[PDB]
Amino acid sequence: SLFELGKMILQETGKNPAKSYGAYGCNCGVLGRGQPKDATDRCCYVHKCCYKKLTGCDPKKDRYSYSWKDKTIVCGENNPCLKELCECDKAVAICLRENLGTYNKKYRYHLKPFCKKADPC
């Protein structure tokens, strides 16, 4: 759920997840996808395309088990859809930390309705 996803982002980046990524660019946080504004945004683009391959679990609300082991996100047992979901979330947290170097606060509270339409996944 948003709880695990947020903890993952905090653990990787060291940043307040909701504040830094809750409404970043055309793709991070609420709502769907748009043409990515930069690398950070594109992380969330991939992230939401990852969600489209899931098989019925709720990416926003379904809790799952994972652990922070040797400073690594390790997706726990769960069921297959939750496992894939946890992997989607792990991938975007890692990607957001990797791209901290081009993080732009001007995209932080982006007016997503004016975003250009995204290509299909």
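In this text, residue numbers run from 1 along the sequence as written. The term rigid core refers to the most C-alpha atoms you can superpose between the two forms while keeping them within 1.5 Å.
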Between 51-59 and 29-37, which has the larger RMS C-alpha deviation from this form in 4 other deposited structures of this protein after core superposition? 51-59
Any chance you could tell me whether 39-47 or 75-83 drifts more in 4 other deposited structures of this protein, judged by RMS CA distance from this form after superposing on the core? 75-83
Avg C-alpha B-factor, entry values, 92-100 vs 55-63, higher side is 55-63
Per the record, averaged over C-alpha atoms, which has the higher B-factor: 43-51 or 71-79? 71-79
Would you mind ranking residue 107 by its C-alpha B-factor against the rest of the chain and naming the third, lowest, middle or highest? middle
Divide the modelled residues of the chain into thirds by Cα B-factor and specify which third, lowest, middle or highest, holds residue 26. middle
